[PDB]
């Protein structure tokens, strides 16, 4: 028996919120002074956005603590009740629009028009104005660069200008899933500006902590903020529902801006400020070429007047060589403990060379299909953000080092022009374009040459999955018991809301027939989502902060701590697989689902994902990394084709997922609704077999996205081509209404009959599923050695 202490869960989430808010500007108006009266503007104050919309935004809760309630509960300030009542009375006639069905909730709410009388009267009886701008986000559509979406509405702009005129102290808070336009806000020029993201059901509590100074803000931006949407390198090749060419290649986010267009940046990657000031002093530097590491030290000192944390960020500048390189790539970071005024902390990091290697997808280095360090000078930088990072040390290689030999995989099927760094006389870099080489992989031959060996069936075998778990028999001996019906059944997830598992969840898998359950294969339960359990029964669960807020902490430990509670909460609800982390790269600011992902940077992306997974693993629960890979746009997501180079895949898009496997111990992946390099991801052999298993060494399961399409290359997509799915080693079709009855009328057995699917391929998937299933808490329930959870302190 293990106690889930609900108050400690709350405190853990609250800590994430108070570390994840990002202070952008402040003239001393924050923190709020003890005893201040605050006037809160913005009708969204009454309906705090705790999450985005969609699959990862449907956690049921008894109560949400918004910003006004958080401030009142702090006992540090009071709120102007007259103004609150004006908003309340207006909202009775202008109700919050919840939408009508899936994806229909608008991503902002109409703002209340303000008069000089209301704003003047508020100023007369309060000390400071707080203006809350609210945006939400979600599945199936992207932000438009228009009023009410990425830009302020006319009525919001009016609100901001009136407040600015009447109040000498003005704070702006952005209660947003993803970043919005800051140009007009910056021109209006409030005294302080803070991004507060969407903090889950206790978001107001953690936000009050930072506003009142109980906690000194320490969050940092996980994306670059440029002046215009058209400045982002992906914008030219983003938003087409049919096909988008990833022409920017490795030059995503700060990899582009710092290299080519520094002056287009308003706020750099890793930027964030505090109520105190810090001094970063570069320290000792050594390199160990034989171990393929360097070790770098610095000291961070609090040089201002109040306690706080800061983040030391380390970057590498690789020599341009023949491939071309970004100016700087993030290779390590460390958030200090709370530092009192005048105190300091020494930070030391050891960085493997693989963190700043480049993938040679042309052969120009002499090592085609390898991660490499080209000969030349490597310079290391440390500082407060990528722009304000300064030389830590350097070392020089006289010859190329191959860090890993890989293969030609997931290569583009058509040529396109990509960006390429080009050196100028004055030392600057400019963009030129070059043709990306086209795949020459014989996919048919690759599958045949790597075909697994069939295990001869034996229906008299009475081995239980318990006998495999105990070590008594090999998985191969057990799996011989599965009939062709059992094999076709086990690759089908059942849902949504299968009766085999906790009501109102996403899927049951494994023990999805009477015959499979008789072999002690348990029904394993899957459920959304990254921000908490979605229970369509109406049952309540903990609603946690959004993904971008988590990543903005730059603090894997606080993330891991919070998800350690989620680990127990899952066991309490008998959910084995939480459908997160969502961890697609932030390729463009307008992507609708950015809120539940982490960053434009693959290292930060993988490191935050890994922290979440480590938390979930604490008591033997698990997450599912999604969406593998290159689901960076919502418009046209059932059909759109992402055309991308091997180098960009290897260094940027796959890299976070690689880290989740190798650092996070990830054992479950979800593929996408869309196409990567000319076929759907659920049937892609290179993605799900060559890269994931044979190169990275993943041991686990791969599942489709829910009712995803699958195809054979060049063939038509369908929702029942499970043969193509199994031929790729995508193990689980999510989902069918009735797995045992083959409710989707799938082609597993017909393709097996015709020799187009090999029994060995089905057996490989069945073994992946059973090996996964036997290590879950659902298996432990069958063995009577599960953890029983009791919730205390409600």
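Residue numbers count along the first chain shown, from 1.
Compared with other entries of the same protein, residue 100 falls in the group left without coordinates by at least a third of them, where both flanks are modelled. For the pair 570-578 and 226-234, the record assigns the higher mean C-alpha temperature factor to 226-234.
For the pair 662-670 and 237-245, the mean B factor over Cα atoms is greater in 237-245. Set against one another, the Cα B-factors of 258, 494, 81, 600 in the record reach their highest point at 81. Of all the options 413, 332, 526, 221, the entry's greatest CA B-factor is assigned to 413. Looking at the C-alpha B-factors along this chain, the one for residue 731 belongs to the lowest third. In the deposited entry, the Cα temperature factor of residue 370 places it in the middle third of its chain's modelled residues.
In this PDB entry, the Cα temperature factor of residue 438 sits in the top third of its chain's modelled residues, the highest group. Among the modelled residues of its chain, residue 38 has a C-alpha B-factor that falls in the middle third according to the deposited record. When the modelled residues of the chain are ordered by C-alpha B-factor, residue 348 sits in the middle third.
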